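Take a look at the structure below.
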There are 2 protein chains.
Amino acid sequence: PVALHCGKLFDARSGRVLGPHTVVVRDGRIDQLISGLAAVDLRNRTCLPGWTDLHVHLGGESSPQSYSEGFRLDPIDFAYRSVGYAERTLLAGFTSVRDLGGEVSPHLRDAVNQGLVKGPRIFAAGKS
Amino acid sequence: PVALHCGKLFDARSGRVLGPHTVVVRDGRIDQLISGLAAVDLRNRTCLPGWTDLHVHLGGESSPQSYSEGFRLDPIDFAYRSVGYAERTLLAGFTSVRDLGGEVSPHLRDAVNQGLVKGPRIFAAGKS
């Protein structure tokens, strides 16, 4: 249970930035939206919903060695890299993603959902 | 049947350079060694026996891509490269070599012995 006090709120449905608002969060959902208990001071910030990236591949990253590591590395090493990838993605403001390829992301999604590692909400495609 | 006239001859057994000599070749062997018919004029040159390299790998060559081509290429491409490798080795003065690794060299040796391609006399080790 935390109350959020922020100076401006962006209304996604309308596409307009409103004024001061107070957001009350209990049980992980939004309960009240008073316009005009733990408290977080965001009165010098703009309120937005979390962003969704609909096309990512959290199981790897492009590099000059990307076309030779496949024959020498295992998916476990790629999972160890994906831990940092997912943390960096979450900390940039993206609370959900849609993964469109790769067989490490269904496992990363399970690990994130169980709380073992930090990351966004993953919708995984598995093998293309 | 060709007679060779060269100004100086290197005697491998003794290790000394001698004077003018005439070498008569019939049937692929040395028959006469007159000291002091087709003719080749080498009177401004030094006569030596063909050289032997006891450690070569005619089936490949080092390159920045040598650690990734193995998973993408076939031995046929390496044979096509070995054709030029063997020609260049023969033209540098090495009439025989000892190949100490590689499974393309037993086939290159057969091809050279049958006269299909140019190269030195190959003693191949096969797989190490």
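We label chains A, B, ... in the order they appear in the structure tokens, count residues from 1 in each chain, and number ligands from 1 in the order shown.
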
Mind running chain A against chain B at 12 Å and telling me each contacting residue's nearest atom pair with the distance in Å (one decimal), counting only C-alpha atoms, chain and number ascending, as JSON lines?
{"residue": "A:65", "atom": "CA", "partner": "B:68", "partner_atom": "CA", "distance": 9.9}
{"residue": "A:66", "atom": "CA", "partner": "B:68", "partner_atom": "CA", "distance": 11.1}
{"residue": "A:67", "atom": "CA", "partner": "B:68", "partner_atom": "CA", "distance": 8.3}
{"residue": "A:68", "atom": "CA", "partner": "B:68", "partner_atom": "CA", "distance": 6.0}
{"residue": "A:69", "atom": "CA", "partner": "B:68", "partner_atom": "CA", "distance": 9.3}
{"residue": "A:70", "atom": "CA", "partner": "B:71", "partner_atom": "CA", "distance": 10.3}
{"residue": "A:71", "atom": "CA", "partner": "B:71", "partner_atom": "CA", "distance": 7.7}
{"residue": "A:72", "atom": "CA", "partner": "B:68", "partner_atom": "CA", "distance": 10.1}

Point to revise | Shell of 7 Å around residue 4 (chain A), only C-alpha atoms, local chain residues under 3 positions omitted, as a PyMOL selection string | key: chain A and resi 22-24+39-41

Could you pull out the strand (DSSP E) residues of region 80-123 of chain B, going by DSSP on the backbone, and write them as a PDB file with N, CA, C and O atoms, in the first residue's frame?
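Okay, this is what ended up in selection-v1.pdb:
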ATOM      1  N   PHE B  94      60.890 -26.592 -54.083  1.00  0.00           N
ATOM      2  CA  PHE B  94      60.703 -27.738 -53.194  1.00  0.00           C
ATOM      3  C   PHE B  94      60.038 -28.860 -53.984  1.00  0.00           C
ATOM      4  O   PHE B  94      58.840 -28.811 -54.267  1.00  0.00           O
ATOM      5  N   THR B  95      60.825 -29.872 -54.341  1.00  0.00           N
ATOM      6  CA  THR B  95      60.345 -30.981 -55.153  1.00  0.00           C
ATOM      7  C   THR B  95      59.764 -32.125 -54.335  1.00  0.00           C
ATOM      8  O   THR B  95      59.191 -33.052 -54.916  1.00  0.00           O
ATOM      9  N   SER B  96      59.892 -32.089 -53.009  1.00  0.00           N
ATOM     10  CA  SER B  96      59.279 -33.087 -52.147  1.00  0.00           C
ATOM     11  C   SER B  96      58.975 -32.453 -50.799  1.00  0.00           C
ATOM     12  O   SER B  96      59.672 -31.538 -50.358  1.00  0.00           O
ATOM     13  N   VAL B  97      57.910 -32.936 -50.156  1.00  0.00           N
ATOM     14  CA  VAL B  97      57.499 -32.457 -48.843  1.00  0.00           C
ATOM     15  C   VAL B  97      57.021 -33.638 -48.009  1.00  0.00           C
ATOM     16  O   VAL B  97      56.695 -34.706 -48.529  1.00  0.00           O
ATOM     17  N   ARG B  98      56.976 -33.427 -46.695  1.00  0.00           N
ATOM     18  CA  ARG B  98      56.396 -34.380 -45.754  1.00  0.00           C
ATOM     19  C   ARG B  98      55.225 -33.697 -45.059  1.00  0.00           C
ATOM     20  O   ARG B  98      55.422 -32.768 -44.271  1.00  0.00           O
ATOM     21  N   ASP B  99      54.011 -34.152 -45.356  1.00  0.00           N
ATOM     22  CA  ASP B  99      52.803 -33.576 -44.783  1.00  0.00           C
ATOM     23  C   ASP B  99      52.484 -34.258 -43.458  1.00  0.00           C
ATOM     24  O   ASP B  99      52.357 -35.485 -43.399  1.00  0.00           O
ATOM     25  N   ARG B 121      56.536 -34.073 -54.602  1.00  0.00           N
ATOM     26  CA  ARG B 121      56.339 -35.440 -54.136  1.00  0.00           C
ATOM     27  C   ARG B 121      55.912 -35.411 -52.673  1.00  0.00           C
ATOM     28  O   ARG B 121      56.648 -34.912 -51.817  1.00  0.00           O
ATOM     29  N   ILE B 122      54.733 -35.951 -52.382  1.00  0.00           N
ATOM     30  CA  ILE B 122      54.093 -35.801 -51.080  1.00  0.00           C
ATOM     31  C   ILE B 122      54.203 -37.106 -50.307  1.00  0.00           C
ATOM     32  O   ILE B 122      53.841 -38.174 -50.817  1.00  0.00           O
ATOM     33  N   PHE B 123      54.710 -37.019 -49.080  1.00  0.00           N
ATOM     34  CA  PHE B 123      54.652 -38.101 -48.104  1.00  0.00           C
ATOM     35  C   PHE B 123      53.665 -37.670 -47.024  1.00  0.00           C
ATOM     36  O   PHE B 123      53.982 -36.812 -46.197  1.00  0.00           O
TER      37      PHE B 123
END

Test item: residues at most 10 Å from residue 17 (chain B), only C-alpha atoms, excluding those fewer than 3 positions along its chain, as a JSON list (two decimals) with N, CA and C atoms, in the first residue's frame:
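Generated output (part-v5.json):
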[["chain", "number", "residue", "atom", "x", "y", "z"],
["B", 8, "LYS", "N", 78.11, -23.71, -61.79],
["B", 8, "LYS", "CA", 78.53, -24.23, -60.50],
["B", 8, "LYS", "C", 77.55, -25.28, -60.03],
["B", 9, "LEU", "N", 78.07, -26.32, -59.39],
["B", 9, "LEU", "CA", 77.26, -27.41, -58.85],
["B", 9, "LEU", "C", 77.55, -27.55, -57.37],
["B", 10, "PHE", "N", 76.50, -27.63, -56.57],
["B", 10, "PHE", "CA", 76.63, -27.84, -55.13],
["B", 10, "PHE", "C", 76.56, -29.33, -54.84],
["B", 11, "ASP", "N", 77.63, -29.87, -54.26],
["B", 11, "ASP", "CA", 77.69, -31.29, -53.89],
["B", 11, "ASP", "C", 77.12, -31.43, -52.48],
["B", 12, "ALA", "N", 75.93, -32.03, -52.38],
["B", 12, "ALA", "CA", 75.24, -32.10, -51.10],
["B", 12, "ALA", "C", 76.01, -32.95, -50.10],
["B", 14, "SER", "N", 79.26, -33.55, -49.80],
["B", 14, "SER", "CA", 80.47, -32.92, -49.31],
["B", 14, "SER", "C", 80.21, -31.54, -48.71],
["B", 20, "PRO", "N", 82.13, -26.03, -63.29],
["B", 20, "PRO", "CA", 81.22, -26.40, -64.38],
["B", 20, "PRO", "C", 81.01, -27.91, -64.46],
["B", 46, "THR", "N", 73.83, -21.66, -60.38],
["B", 46, "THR", "CA", 74.40, -22.65, -59.48],
["B", 46, "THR", "C", 73.45, -23.84, -59.39],
["B", 47, "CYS", "N", 74.00, -25.04, -59.56],
["B", 47, "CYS", "CA", 73.23, -26.27, -59.61],
["B", 47, "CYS", "C", 73.04, -26.82, -58.20],
["B", 48, "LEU", "N", 71.80, -27.17, -57.87],
["B", 48, "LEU", "CA", 71.48, -27.75, -56.57],
["B", 48, "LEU", "C", 70.45, -28.85, -56.72]]

Exercise for review: For residue 6 (chain B), work out the shell of residues within 6 Å, counting only C-alpha atoms and skipping chain neighbours fewer than 5 positions away, then give it as a ChimeraX atom specification.
Suggested key: /B:20,42-43,45

Review point. Which value, in Å to one decimal, gives the distance between CA of residue 127 (chain A) and CA of residue 100 (chain A)?
Key: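 Separation between CA of residue 127 (chain A) and CA of residue 100 (chain A): 8.4 Å.
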
Check your understanding: Which residues come within 10 Å of region 73-82 of chain B, counting only C-alpha atoms, excluding same-chain residues fewer than 4 positions away, as number ranges by chain?
Key -> B: 57-61, 68-69, 86-88, 103-105, 107-108, 119

Practice item. Would you mind reading off the distance between CA of residue 15 (chain B) and CA of residue 36 (chain B), one decimal, in Å? Key: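 Separating CA of residue 15 (chain B) from CA of residue 36 (chain B) is a distance of 19.2 Å.
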
Practice item. Can you work out the spacing between CA of residue 31 (chain A) and CA of residue 50 (chain A) in Å, to one decimal? Key: 16.8 Å

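Closest approach to residue 26 (chain B) among B:125, B:38, B:55, B:1: B:1, based on only C-alpha atoms.
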
Exercise for review: Counting only C-alpha atoms, figure out which residue out of A:102, A:93, A:84, A:49 gets nearest to residue 118 (chain A).
Suggested key: A:84

Check your understanding: Which of chain B counts as helix (DSSP H, G or I) under DSSP, as a VMD selection string please?
Key -> chain B and resid 69 to 71 75 to 91 105 to 113
